[PDB]
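Residue strings, one per chain:
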Amino acid sequence: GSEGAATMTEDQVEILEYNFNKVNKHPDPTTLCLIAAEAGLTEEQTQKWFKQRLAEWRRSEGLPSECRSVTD
């Protein structure tokens, strides 16, 4: 019946990427709002992109781990 699934395009990926490396990774709702209206998305959707994309960036740049172990 109702899935509610939408696919993105190259235009959105070209803009969403520009506001990730040439701006920041954790932009406030103020800057996020500008990106949404730009590409044509919403603050809720734009947030998911940065959230998911961040999972890969952390692996590229390199960061520690949040896990308390008795040995490690």
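Here is what the cut-offs are and how they apply
Residues numbered from 1 in each chain as written, not as in the entry; some residues may be left out. Heavy atoms only, no water. Helix = DSSP H or I, 4+ residues; strand = E, 2+ residues; numbered from the N terminus. Buried < 20%, exposed > 50% of the residue type's maximum accessible area, 1.4 Å probe, protein only. Areas by Shrake-Rupley, 256 points an atom, 1.4 Å probe, with all protein chains shown as cover. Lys, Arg positive; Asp, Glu negative; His and termini not counted. Charge placed at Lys NZ, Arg CZ, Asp CG, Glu CD. Salt bridge = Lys/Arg side-chain N within 4 Å of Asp/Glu carboxyl O. Expected span 1.5 Å × (residues − 1). Arc of directions from axis to C-beta. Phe/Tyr/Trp six-rings, centres within 6.5 Å; stacked < 30°, edge-to-face > 60°.

Chemist: Give a description of the overall build of the protein that names residues and reports values.
Modeler: Per the secondary structure count, the protein includes three helices and zero strands. Moving toward the C terminus, one meets the helices and strands of the protein in the order α-α-α. For the C-alpha atoms alone, the extent of the protein along its principal axes is close to 50 × 40 × 20 Å. A burial count over the protein gives 19% of its 72 residues as buried. For the protein, the accessible area works out to roughly 6,200 Å², and carbon and sulfur atoms hold 46% of it. Charged side chains of the protein number 8 positive and 13 negative; the gap between the two group centres comes to 8 Å.

Chemist: An account of the environment of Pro-64 is needed here, citing residue identities and associated values.
Modeler: Following the sequence through the fold, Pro-64 ends up in the segment after α3 (43-61). By relative accessible area, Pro-64 is classed as exposed at 75%. Residues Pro-64 and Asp-11, spaced 53 residues apart in sequence, show a C-alpha to C-alpha distance of 33 Å.

Chemist: Which residues make up the pattern of salt bridges, and what are the values?
Modeler: One pass over the structure, following the stated rule, counts one salt bridge. Note that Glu-17 and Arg-53 form a salt bridge whose closest N and O atoms lie 3.3 Å from each other. With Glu-17 in helix α1 (residues 10-21) and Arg-53 in helix α3, this residue pair connects regions lying 36 residues apart in the sequence. On the basis of relative accessible area, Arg-53 is assigned to the partly exposed category, the value being 39%.

Chemist: Which residues make up α1, and what values go with them?
Modeler: With twelve residues, α1 extends 17 Å from end C-alpha to end C-alpha; this agrees with the ideal 16 Å at 1.5 Å per step. For α1, the set of buried residues is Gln-12, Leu-16, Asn-19 and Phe-20. One face of α1 carries all of its buried residues, which in axial projection span an arc of 105 degrees. The exposed set on the far side of α1, more than 90 degrees from its buried face, consists of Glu-10, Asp-11 and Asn-21.

Chemist: Residue-level account of the packing of aromatic side chains, with values.
Modeler: Tallied over the entire structure, the rule returns three aromatic pairs. Between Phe-20 and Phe-50, the aromatic rings sit 5.3 Å apart at their centres with planes inclined by 85 degrees, giving edge-to-face as the arrangement. Of the two residues, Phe-20 sits in helix α1 while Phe-50 sits in helix α3, which places them 30 residues apart along the sequence. Take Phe-20 and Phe-50: they sit in the same class, and that class is buried.

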